[PDB]
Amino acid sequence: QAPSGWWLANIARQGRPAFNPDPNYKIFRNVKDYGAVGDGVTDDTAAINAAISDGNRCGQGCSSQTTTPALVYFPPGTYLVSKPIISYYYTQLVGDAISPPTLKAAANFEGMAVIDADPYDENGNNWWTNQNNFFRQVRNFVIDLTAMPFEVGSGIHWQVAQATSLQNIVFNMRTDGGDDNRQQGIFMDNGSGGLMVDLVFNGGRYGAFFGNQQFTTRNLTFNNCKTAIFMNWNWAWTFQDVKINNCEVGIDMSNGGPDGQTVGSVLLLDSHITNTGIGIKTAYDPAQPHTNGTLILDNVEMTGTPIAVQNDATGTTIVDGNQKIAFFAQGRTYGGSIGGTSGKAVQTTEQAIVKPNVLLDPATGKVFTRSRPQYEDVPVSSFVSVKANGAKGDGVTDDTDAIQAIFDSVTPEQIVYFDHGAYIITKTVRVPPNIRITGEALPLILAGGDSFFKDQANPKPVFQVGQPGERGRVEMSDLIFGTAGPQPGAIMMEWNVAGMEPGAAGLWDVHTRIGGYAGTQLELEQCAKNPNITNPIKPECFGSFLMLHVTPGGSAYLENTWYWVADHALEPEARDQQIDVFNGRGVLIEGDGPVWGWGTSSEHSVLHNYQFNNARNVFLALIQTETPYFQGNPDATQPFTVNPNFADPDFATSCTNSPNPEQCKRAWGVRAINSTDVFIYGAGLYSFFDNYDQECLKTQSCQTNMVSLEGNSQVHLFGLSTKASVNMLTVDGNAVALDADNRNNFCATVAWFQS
C-alpha cells in the first residue's frame, strides 16, 4: 500500500532526549527503514525488533530508563512475524492511524504473543518488574492470529503499569476447535494499569484474559468469542461502553469459586451484552464472609441475552436479561436506607443512578467519552514545531519566552508540536483558550529556575491554561510536566478554561512526573531514603506545590493522566531504589466543571492525592492513589504549611482525639469538601507503608483514614477499594466503613456508598 500521508509519517524529526548523552540517538524509527517489507510475505520480525532495540535501549537487565524513549512507526502494510515483537522499556508502537497495518502471525509463530511488553527469561523472571513497566503505547493495528493453529496464539502480552495505553486495535482470531481453541487477543498475567480504548476482538477463546491491580477500559467490542472477557484476578476494574455480541459468556469473574474468588471487583457502565448465553458469571453470594466478587452494573443492556448475571457455583440466574439493567450491586453497601450506618451485603438490582446532563453525551445518554486525538486529517504544514520556532529543548536553556511567543501567535487551525526534548520554564506560561498541543513521544516540560517557583507561601502556575472564566478549545496530548530541581511553589497546571462543548478542553496521555529521573536533580544521589533516622526533609528533595488545579469555572476532560511523585529512581543505575520527594498536593478540583477523568492516577503527595473543594459535576472512573512511602517520617503535617486558599487539610486539628493517632496524619486518598454530584466508578486507594516498614499490612492499618467526605458532600462512590486504612470512608468526621468489615482478597471493598 501507498504511504498514508499521515502527518506523523512525514513531520520533520528534530527531537532528542535532553538527558541522553549520545547526540546521535534517534527517537523515531520507521520499521521499513530497518528492512521491513510490509507485504505479508517477507518475514519482518527481525526488522521490527531492530527498529525497537536500536540505540542501546532499556532491554534485558535494565530495570527502567527515561532517557531512551522510542516512537516506532509502522506504515500501512501487512507485517508477517514468526516470533514476538519485543517492546523495550518506554516504547511507543505506533501503527499508521489512517490505515492501521496488520501484524500477521505466521502459521508457525512461536512465542508468548505477537507483541510482548514484558518478556520472561528462561528462569521465569520478567525483564521489568510489572509494577514499574510505565510509559508505553500500542496504537493503530490489526493483529491477525488466524493462520496459527487454534490451539495457540495471543495477540499482546500486556503486562504493564501506569501511563500505558492500547488504542485502536483489532484482534482477529479463529473460532474453530471447540474447547481446544486457546487463542486470545490480550494475555495479561498481572500489572498495575493503565488505559485501553477503542478495541475490537473477533473470535478466539477469550477476547481478553485479564489480571491486574486496576484498569480502566472503554469502547471495547467483542464478536463471536467464547468468553469475551475472562477476568482472572483484580482488585478493581472499570469497563465502559462495552459491546459484547454473540459470545457464550460476556464477563467470567468467578475464578477461584465461592470460597476463593480472585476477582476483587468489576464495574460495567453504559454497555450492551447482546445475543450472549450468559452475560456475567459470578460466584458471589451475599452470605459469603468477604467482599470478593463485588460487581456494579450501571446502564447495561442485555438484548437477546437471557441470563444477565448467573451464580455459576449454584447455577442460579441472579438477574434476568432481555431488558436494560439501570443499576445492579453485589457486595457491601453503606448509607441510605439499604446499607445504613452498619453496612449490608446485597445482590440486587436497584434504581438508576441519575447523572447531571453536563456529564453526558447528549447523543447517546452515556457518560461523555473522547479518545486521544491523532489528528489524522491535519496536514503536516499545520504543525508548528517549537524547535523550529526558537525553543531549544536542551534541558538548560530558558525556553519560556520562545514558548510563550508560539502560544501567543499560533492560529486555531494550527497545532503546536513539541519536538522531543526538555523545555525549561522559569515563570508562568499563559496558554490561550484556543490551542492544540501535541508532543513527540513524551517531551519534558520542566519548571526550573532559582526563585520564581521556590516559595510555597506564594505559589505560581507553571502552565496557566486559559484565564479565569474563559471558554474555548484546548487539547494537549503526549507530554510530561515536571520540575528541574525542587520547586515547592510550582502549581504545575492551573486549568481555568472550560470547553465550548464536552471534550473540547482536555488532556490525553499527559503526565506529571515529579522527581526520580534524569533532568530532575531528584534522584538516588540526592534523595535516597533513610528510615532509620528522623527525616531531615532535605530542601533539595522537595517537588511541586500542586500538580493540577481545576479552578472554579474550569472544565476539563482527562484521560490517561498519571500525577506521580516519585517513590523510586527511574534510571537504570539506581536499580529501582527508593527516594523521598516531598510534593504538597496532587489534584485539586473546584467549581461546577464539568470534570471527567478516565484512567487517572495520583500518587505520593503529602497532603492529598485527590481533593474536591466546593465542586460539582465530577465524573472519575476508575481512580488510583498511594500514600508516599516515607510517611509518617515525616507525617502529613510536614513540610507543606496549611494554606486555606487551597482548602488544605489540617491534620494537626483533624487528628485531634483520634482513636488511632499513631498513623492518623497521612495523605488523603480522596477528600471532598462541600461538593456534590461527584461520581467515582471504581477506586483503588492504597497505603502500603509506615516509614518504609510494612508490618502495618498485617493488620490492614498502615494509616487510619483514606476517604474524607466533609460538609455534607454528596460523593457517589462505586467499587471503592482501599488497602490498609483502618477506616475506608469517613463522613462528617465519623468513620462509616471500616476495612475489617469489608475484607476482599487483598484490599477492602465497598460496592456502593449511598450519600
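Note that residue numbering follows the sequence shown and begins at 1.
Visitor: Which wins on mean Cα temperature factor, 176-184 or 126-134?
Guide: The recorded data point to 176-184.
Visitor: Tell me which stretch has the larger mean Cα B-factor in this entry, 307-315 or 469-477.
Guide: Higher of the two, by average CA B-factor, is 307-315.
Visitor: Which of these has the highest Cα B-factor in the record: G439, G684, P661, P84?
Guide: Top of the list by C-alpha B-factor: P661.
Visitor: Just grab whichever of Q288, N609, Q330, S544 has the top CA B-factor as deposited.
Guide: The C-alpha B-factor peaks, among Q288, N609, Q330, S544, at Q288.
Visitor: Using the temperature factors of the C-alpha atoms in this entry, rank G365 within its chain: lowest, middle or highest third.
Guide: For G365, whose C-alpha B-factor we compare with every modelled residue in the chain, the answer is the highest third.
Visitor: By the record's CA B-factor, is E590 among the lowest, middle or highest third of residues in the chain?
Guide: Answer is middle: the recorded C-alpha B-factor places it there.
Visitor: Can you tell me which third, lowest, middle or highest, the CA B-factor of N322 falls into for its chain?
Guide: Highest third.
Visitor: Sorting the chain's CA B-factors, does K454 end up in the lowest, middle or highest third?
Guide: CA B-factor rank for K454: highest third.
Visitor: Rank-wise, by C-alpha B-factor, drop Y206 into the lowest, middle or highest third of its chain.
Guide: It falls in the middle third of the chain.
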